[PDB]
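Let me begin by presenting the structure, written as structure tokens, before commenting on it.
The sequence lines fix the lettering, A, B, ..., with proteins before strands; numbering per chain opens at 1.
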Amino acid sequence: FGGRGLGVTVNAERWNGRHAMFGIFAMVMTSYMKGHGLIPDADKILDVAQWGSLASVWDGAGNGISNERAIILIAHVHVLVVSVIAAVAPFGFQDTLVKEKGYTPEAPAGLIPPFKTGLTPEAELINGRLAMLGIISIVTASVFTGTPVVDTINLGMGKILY
Amino acid sequence: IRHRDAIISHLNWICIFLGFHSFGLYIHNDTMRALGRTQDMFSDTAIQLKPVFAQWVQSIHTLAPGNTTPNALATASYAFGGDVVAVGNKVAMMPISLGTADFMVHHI
Amino acid sequence: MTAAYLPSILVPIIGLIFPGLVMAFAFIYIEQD
Amino acid sequence: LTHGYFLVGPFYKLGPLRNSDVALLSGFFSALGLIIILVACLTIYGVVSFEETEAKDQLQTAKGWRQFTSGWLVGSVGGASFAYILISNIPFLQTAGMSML
Amino acid sequence: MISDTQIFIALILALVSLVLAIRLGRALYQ
Amino acid sequence: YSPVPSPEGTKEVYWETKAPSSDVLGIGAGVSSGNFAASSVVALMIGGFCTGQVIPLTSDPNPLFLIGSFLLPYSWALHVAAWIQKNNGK
Amino acid sequence: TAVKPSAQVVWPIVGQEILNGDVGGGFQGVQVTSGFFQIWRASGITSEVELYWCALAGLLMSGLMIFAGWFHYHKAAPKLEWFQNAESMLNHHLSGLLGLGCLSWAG
Amino acid sequence: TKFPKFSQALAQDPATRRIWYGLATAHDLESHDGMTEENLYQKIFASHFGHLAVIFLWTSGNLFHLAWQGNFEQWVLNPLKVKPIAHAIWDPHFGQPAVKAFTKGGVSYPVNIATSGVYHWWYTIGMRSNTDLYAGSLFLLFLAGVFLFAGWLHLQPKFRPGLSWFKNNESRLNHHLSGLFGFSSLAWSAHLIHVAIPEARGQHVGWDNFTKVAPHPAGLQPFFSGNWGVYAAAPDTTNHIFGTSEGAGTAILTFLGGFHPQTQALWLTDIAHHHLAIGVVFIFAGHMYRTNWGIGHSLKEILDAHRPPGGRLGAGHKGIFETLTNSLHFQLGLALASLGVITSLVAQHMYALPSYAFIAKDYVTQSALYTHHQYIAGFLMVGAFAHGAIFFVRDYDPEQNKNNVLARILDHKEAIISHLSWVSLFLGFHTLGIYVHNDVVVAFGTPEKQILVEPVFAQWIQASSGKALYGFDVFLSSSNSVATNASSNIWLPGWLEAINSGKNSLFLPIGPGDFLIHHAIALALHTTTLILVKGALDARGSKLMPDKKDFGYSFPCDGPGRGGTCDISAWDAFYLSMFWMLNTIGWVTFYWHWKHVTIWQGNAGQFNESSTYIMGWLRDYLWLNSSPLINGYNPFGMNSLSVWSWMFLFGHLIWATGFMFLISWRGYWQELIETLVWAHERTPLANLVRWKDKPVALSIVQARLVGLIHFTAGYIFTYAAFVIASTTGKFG
Ligand code: CLA
Ligand code: CLA
Ligand code: CLA
Ligand code: CLA
Ligand code: CLA
Ligand SMILES: CC1=CCCC(C)(C)[C@H]1/C=C/C(C)=C/C=C/C(C)=C/C=C/C=C(C)/C=C/C=C(C)/C=C/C1=C(C)CCCC1(C)C
Ligand SMILES: CC1=CCCC(C)(C)[C@H]1/C=C/C(C)=C/C=C/C(C)=C/C=C/C=C(C)/C=C/C=C(C)/C=C/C1=C(C)CCCC1(C)C
Ligand SMILES: CCCCCCCCCCCCO[C@H]1O[C@H](CO)[C@@H](O[C@H]2O[C@H](CO)[C@@H](O)[C@H](O)[C@H]2O)[C@H](O)[C@H]1O
């Protein structure tokens, strides 16, 4: 477990930071595409006669998943398949998710790593911790106010997206 | 005696295969009918398991009088096909058709 | 039903992901020396 | 490649969505889920079965089994996708020959 | 009726109970 | 295995004689048998009288007769203690 | 087509006479399903006198078999060499038991 | 391999037996490697904390799933017409007709209809909305977290209690009697008076107003004044509509007796005075033992002093104090026996005297509750005797128990077992003979010749409680008796009205079928007791195995020598008695369900005429009431009973699967597995894959246990599906 880079490690911090930076990007792009109506037939309710019982939600009207939610989930399914293949069959140069038992752990960067600008692991770790904190802040601002998360992003970016 | 292990192992495998692909059809049909999916069952009004070989043998035995037993007036039994022999308003013998249920019970 | 998305989110996770991860990790635990 | 290629067929023809217009997409997705489950099975087998050795050119080594699992995942995804492409674009495979009648 | 926020609060309390249960299980396992 | 604890002052009161030792009476270990027998007779009389006063029970029972009715089961333990003290030479 | 076959009649003891059901033909008894009535009709037995004679023949053959058992164990027991003739036993049992039996029943 | 870290012998096992036996001995802490008494007690304390947390989480889950997906607020308005919802269904294996058929209860999604009766209980105790249900679920989540933290804390160093604390009998008895029993009952009486009764009278009381809404208009002044009977004045009128002020009274403590005429349940004021009186009595009980202040009783002195001087009990109860305190299995057997008796008592008294509003009209709920708690009772009693046998194997020291009551049980065990055998054979011979006699004589068309014994003893008891049906005219059914005159001002009118109205299950009329089924129950109880007592008393040794205590509580056999020694251990007596326990709870629940189904239908004469012979039970109860259950799905369609229709068959399957482990035994399966091992080792493309554990057949004891588990699960699921679906099809 801990000997493979899982748990409270620098490897897990880096991986969750990468996924959180991508998550901030995906939330911003979701807000942009939904605000401009660029998701086709976004309010179309998927029917059980075509997509089966997995489309059932049991809401008060329609009893089906919206087409936009299914499209967002399929967009996530793409990068989940990419995730599975990269975790099992990584690139030869790529950083691995799970580490060998006799691996050398990366030193913890403390409060802040040395200020190496550019495509450096220090900048990656800084922006990753920042993105994880931003996801925390966006979720808390959404659930303490009732503003939807796309709308919370749109106000926090000053209505630039829509 | 010297290849008893091969015999018993292959028989064990074919017994497990027969149990799965015969009784699990009944279990599958129980679940599908219980889940309200009649079109997903193994039945004659659903995904079909036709006993084509036994039906073909029945057709041969019905066609046999005058063709492969040319000196026989009638079939060896009316269970293969033919008329309804009835005695005293009760069926003595009539054709015994074979469908999906007959397939499943013969493989059971 | 209020929060009707929650059954469709949680039932596949609880019924397929939780037992798969539990069975995998329990397998690793009971077979390791 | 071989096993993932043939895995699409039964899911496409006999699955619960087989009578729908998205039958092939559902069958390929079911095949992909089975492939991922089997890859997890391969991974945990290799974790519990092999000691970490320098030898990596044999199947029954830890590094060799990890290489085999990586190859099996990539081949299974590729074979399933190839079967999906062929059934999507050829009407003979959609009807299992009944398009000739 | 019950709102989404109330269900989320119950989920947070259940997560706290999960952490405490994991700690008790580790303590009982020595 | 490990020592089984008891409250402080716990003694061995196992007996095989005609009567137990007076220690089984606890705080009443120094009361003579005559006092026990007299109190048993008085407790029976008072408890029976109070009980017979409250047998047609109403929604407003007299609290004094309710308290005094508990002396009737007390009198049984009193005559048992009287027998114990009488056969303990007291 | 209208008379249920019945060849067992119970005695009245404890109410078990209810088992003598109305089987048709003016008869009360336990209905039998062994198929003996159809066998006797196929054999051409038309009266109960012939059935009495058949019963006597069966009893006589039972006595003959039990006497043969006593004789062939206690009086004249065949040796092991007699029993170890598989070829002769197969010839006699194929041609005499099955063959002549089929021929006489065809007769 | 280090999965069974508590057993070195198990961890070195090279086969698949290691995983099974590590799973099956995980909570048997006394047998673990290097277990000390102090560590054992501390682990048990923390495990008890964890089980408490599990109970609280389960109850919070029931409350939450009801507050979220139920129809409690709709059911409160119309309690006798609205079907109570347990939880929602989200099953992706459903087709659309199954989605339609499970959409019940007035909601728009598939639901399961609750049979646990939590609606009636929560409504009776004062819950009205989904908000207070959700608040209760949150509170129970917090309480479960608190108990998990306490279990963790009381294992931390400088908080681990010593063995002297754990074996402090007097302090634990005083605190658990006065506080856990007494003050909890007093606090529940407070909740009924302060909250439940005002909500029953149409007045909302919550945390926001309970300090300003007096439970009684006079306040606590009659309590502090000694004028307590003021709390009994102006009770609820017989025109009271529950949950409203229409016809409501002002009393908080009454002794009215009988039932509320609308709810058909006990008066809430009677329940409040009951729990108040129980609290006072238990707090008085909890000041009995000496803990720190000189006053109080010593348990050791009480035990040692109660030796009858005639010497018939030998040394009496001398040494029982140390034997009970040192043995956790003695304690567990006593606790399980008392719990099993009391959950049987719960099952009988709750159908006979229901306390929850409108639950006597919920026939499915009553059937499920009775069956559930009676099966729990059978399990608990079997466990009590099993852990008593474990005490005799592991913890019984004969030298510490010289001429004791335990030693004299062991010294006349042969008389005990032989007289149990005699009474079992007596009961079985003549009960089965009467049933078969009735079967034969009814089959031969003469039912008038049946042997029909009137149960006059129990009818006399019913008349002593006031039942005027039988004309016995004794005690409360006599209008001139001193027992009648004694209670006439307090509870006799309401009790007599409830017992003599044939609209409830209060002392139901009984006939010869009732006589026969209670004597069959007596047979089954005596026979299960025979097996369990014979297992406990022969656990240390028999003539066939005089050194059985050297082999432990559970072992397969002692080999084919000495005639053969199959199933000779005391664990095997547990295993044999489990079938008899299933049989007796089956007979009891069959009797309860058939009598109640015929009474609810208005056709009690069907039970009265058909229960005297076995064919009546098979035809008029099993075959007749199976029709809506087996038609839950058919070739024409399906309805909401289909799940029970599935589960029924499911039960009939797994029960039969149990037979495979109980009839076929090990060596056959081991030779098959050897052939399979050869096949896998010799098959190309599969011998690249190797097992880590060698495949072996299940062991003898393990197979007995697994067959028992499949058998028991089939028993329970079959009967549960039958009782719920049959009651639902006939009445719901
Ligand atoms: C209904 C009861 C029952 C059932 C199901 C079985 C099942 C079996 N017996 Mg058995 N047996 C039984 C009673 C039963 N027995 C009894 C009472 C006796 C007493 C004499 C025996 C004596 C006996 C002997 C002596 C032998 C067997 C053999 C077998 C096997 C036959 C192979 C087979 O059919 O594979 C297919 C499996 C089944 C049909 C079992 C049911 C599975 C169905 C299809 C559903 C599967 C669903 C799936 C697993 C769900 C997964 C869910 C997940 C959560 C786990 C199989 C395991 C033979 C054997 O093992 O060699 C082959 C054998 O030699 N049995
Ligand atoms: C509570 C657990 C649970 C859940 C949530 C499901 C859910 C489902 N089952 Mg089911 N099933 C279960 C238990 C469960 N099953 C058990 C115990 C059995 C044994 C009796 C079965 C046997 C069974 C059969 C035989 C079939 C299903 C099918 C289905 C699907 C319904 C039809 C549909 O629309 O598929 C459409 C399907 C898709 C769009 C494909 C989904 C692919 C998923 C998302 C990939 C997931 C990969 C994997 C889990 C990753 C994690 C690995 C890790 C755990 C190691 C649905 C996904 C049917 C089906 O379609 O299978 C695919 C089907 O044929 N089930
Ligand atoms: C089966 C029930 C039972 C029994 C037999 C006992 C028995 C006993 N308990 Mg116990 N107890 C019980 C239940 C029981 N208890 C319960 C249920 C509780 C708690 C809810 C307690 C709580 C308890 C405490 C806390 C204590 C006892 C004590 C005692 C002992 C004191 C004996 C005594 O009172 O002599 C007293 C002697 C007399 C009353 C004699 C009367 C004296 C003269 C003769 C008076 C009469 C004078 C005259 C005739 C009357 C007119 C007077 C007038 C002029 C005013 C005794 C062994 C005490 C003890 O010693 O512990 C071991 C003690 O401290 N018990
Ligand atoms: C319907 C099934 C059945 C029956 C009738 C019995 C009967 C019996 N069991 Mg039993 N048992 C069973 C199933 C059954 N068991 C099962 C499934 C298990 C689980 C393995 C057990 C486990 C078990 C244990 C562990 C014990 C018993 C005991 C007993 C006996 C005492 C109870 C009793 O009624 O005595 C009365 C006896 C009977 C009702 C038996 C029937 C007697 C017949 C009707 C008399 C007529 C005979 C007839 C004329 C013979 C003619 C035959 C001829 C024509 C060829 C009795 C022999 C206990 C015992 O031995 O107690 C002394 C005991 O210790 N059994
Ligand atoms: C040991 C055998 C036995 C056992 C365990 C039971 C058990 C039971 N009986 Mg039953 N009963 C028995 C024998 C037994 N009975 C006999 C022999 C008769 C006479 C026919 C009855 C008549 C009877 C009636 C009328 C009623 C019960 C009832 C009951 C239940 C409540 C308890 C009770 O009334 O005890 C009664 C048992 C006894 C008083 C004594 C039983 C023990 C002795 C030793 C039996 C031996 C009698 C002896 C052979 C005859 C003496 C000779 C005589 C011809 C002069 C309980 C299930 C009641 C019921 O059904 O409640 C629902 C009820 O109303 N019993
Ligand atoms: C019938 C025959 C007669 C009787 C006897 C018999 C022998 C038993 C029987 C055989 C039955 C069986 C044994 C017949 C044999 C069967 C097997 C199942 C055939 C498998 C073929 C796999 C190929 C087509 C996938 C190839 C990969 C393609 C090119 C991929 C390109 C991909 C790569 C990764 C790169 C990216 C692009 C994409 C597209 C994603
Ligand atoms: C084997 C094992 C080895 C050693 C350990 C071990 C656990 C100790 C042991 C197992 C022992 C086993 C587990 C024993 C299990 C035992 C059984 C279950 C005990 C049941 C007792 C019933 C009592 C006496 C209440 C009776 C009611 C009577 C008093 C009422 C009368 C009256 C009431 C007041 C009111 C009105 C009705 C009437 C009738 C007028
Ligand atoms: C010294 C020898 C005799 C000792 C006797 C002691 C008797 C018990 C004392 C009771 C407790 C103290 O009681 C004292 O404060 C209570 C505070 O609620 C007052 O109670 C008052 O307020 C309550 C709460 O609102 C109301 O429900 C009461 O109807 C009201 O009377 C009592 O009227 C007062 O007497």
Side-chain angles (χ1 to χ4, degrees), chain F residues 1-29 76-77 80-81 83-90, chain H residues 37 163-164 166-174 177 288-291 294 296-335 337-338 384-385 387-416 533 536-537 539-541 549:
Chain F
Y1 320 122
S2 68
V4 176
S6 293
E8 189 179 3
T10 291
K11 61 181 73 66
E12 312 279 308
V13 299
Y14 178 75
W15 59 287
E16 289 182 353
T17 55
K18 183 179 179 181
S21 56
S22 298
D23 313 330
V24 311
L25 306 186
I27 61 172
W76 177 87
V80 171
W83 188 93
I84 286 166
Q85 294 292 83
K86 181 181 74 174
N87 299 274
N88 265 312
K90 305 211 198 166
Chain H
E37 204 170 14
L163 282 173
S164 50
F166 276 110
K167 306 180 156 180
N168 198 326
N169 298 295
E170 281 85 2
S171 197
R172 191 168 77 220
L173 265 175
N174 269 359
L177 280 180
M288 189 199 180
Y289 306 112
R290 184 187 301 115
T291 65
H297 292 267
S298 180
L299 286 154
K300 188 194 189 309
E301 296 192 3
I302 299 166
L303 281 153
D304 296 347
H306 274 88
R307 169 185 181 281
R312 291 190 185 70
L313 293 194
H317 289 90
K318 175 184 178 181
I320 294 287
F321 184 70
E322 290 85 2
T323 313
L324 169 52
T325 318
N326 280 325
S327 174
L328 293 165
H329 292 295
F330 209 97
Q331 297 162 59
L332 196 50
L334 285 172
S338 304
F385 280 99
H387 285 279
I390 298 157
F391 151 77
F392 267 115
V393 177
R394 289 181 175 186
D395 289 317
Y396 176 72
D397 200 348
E399 292 288 326
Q400 297 313 114
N401 288 274
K402 287 289 183 68
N403 212 23
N404 206 354
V405 289
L406 274 173
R408 289 158 83 82
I409 301 299
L410 275 187
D411 207 33
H412 83 293
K413 64 167 213 183
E414 286 94 3
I416 292 169
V533 163
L537 296 182
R540 294 170 60 76
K549 56 179 174 66

What distance do [X] atom [atom1] and [Y] atom [atom2] have between them, rounded to the nearest 0.5 Å?
X: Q331(H); Y: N169(H); atom1: CD; atom2: CG; value: 7.5 Å
X: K86(F); Y: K18(F); atom1: NZ; atom2: NZ; value: 7.5 Å
X: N88(F); Y: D23(F); atom1: CG; atom2: CG; value: 8.5 Å
X: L410(H); Y: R540(H); atom1: CG; atom2: CZ; value: 6.5 Å
X: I416(H); Y: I409(H); atom1: CD1; atom2: CD1; value: 4.5 Å
X: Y289(H); Y: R172(H); atom1: OH; atom2: CZ; value: 12.0 Å

query: Distance only, no hydrogens: is a donor on one side chain within 3.5 Å (strictly under) of an acceptor on the other, for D395(H) and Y1(F)?
result: yes
Counting distance only, does the side-chain N/O of [X] pair as donor-acceptor with the main-chain N or O of [Y] below 3.5 Å?
X: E170(H); Y: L299(H); answer: yes
X: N401(H); Y: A407(H); answer: no
X: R307(H); Y: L313(H); answer: no
X: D304(H); Y: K318(H); answer: no

Looking at [X] and [Y], what are the two nearest heavy atoms and their distance?
X: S22(F); Y: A29(F); result: O-CB, 3.3 Å
X: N403(H); Y: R408(H); result: OD1-NH1, 3.1 Å
X: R290(H); Y: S298(H); result: NH1-CB, 3.7 Å
X: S2(F); Y: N326(H); result: O-OD1, 3.7 Å
X: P5(F); Y: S164(H); result: CG-O, 3.7 Å
X: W15(F); Y: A305(H); result: NE1-O, 2.8 Å

task: Decide side chain to side chain contact (heavy atoms under 4.5 Å, CB included) for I390(H) and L332(H); before the verdict, give the C-alpha distance in whole Å, the side-chain angles of both, and the deciding distance to 0.1 Å.
output: CA-CA 10 Å; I390(H) 298 157; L332(H) 196 50; over 6 Å; no
Flag if over 12 foreign heavy atoms under 6.0 Å of CD, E12(F): no
message: Set out, in order, the CA-CA distance, both residues' side-chain angles and the distance that settles side chain to side chain contact (heavy atoms under 4.5 Å, CB included) for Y396(H) and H329(H), then state yes or no.
response: CA-CA 10 Å; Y396(H) 176 72; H329(H) 292 295; over 6 Å; no
query: What class does the angle between the rings of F391(H) and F330(H) fall in, given that below 30° is parallel, 30 to 60° is tilted and above 60° is perpendicular?
result: perpendicular
- request: Take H306(H) and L303(H) through the test side chain to side chain contact (heavy atoms under 4.5 Å, CB included) and record every step on the way to the result.
  value: CA-CA 6 Å; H306(H) 274 88; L303(H) 281 153; over 6 Å; no
query: Are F392(H) and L406(H) close enough, and set up right, to give a side chain to side chain contact (heavy atoms under 4.5 Å, CB included), and what steps lead you there?
result: CA-CA 10 Å; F392(H) 267 115; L406(H) 274 173; 3.9 Å; yes
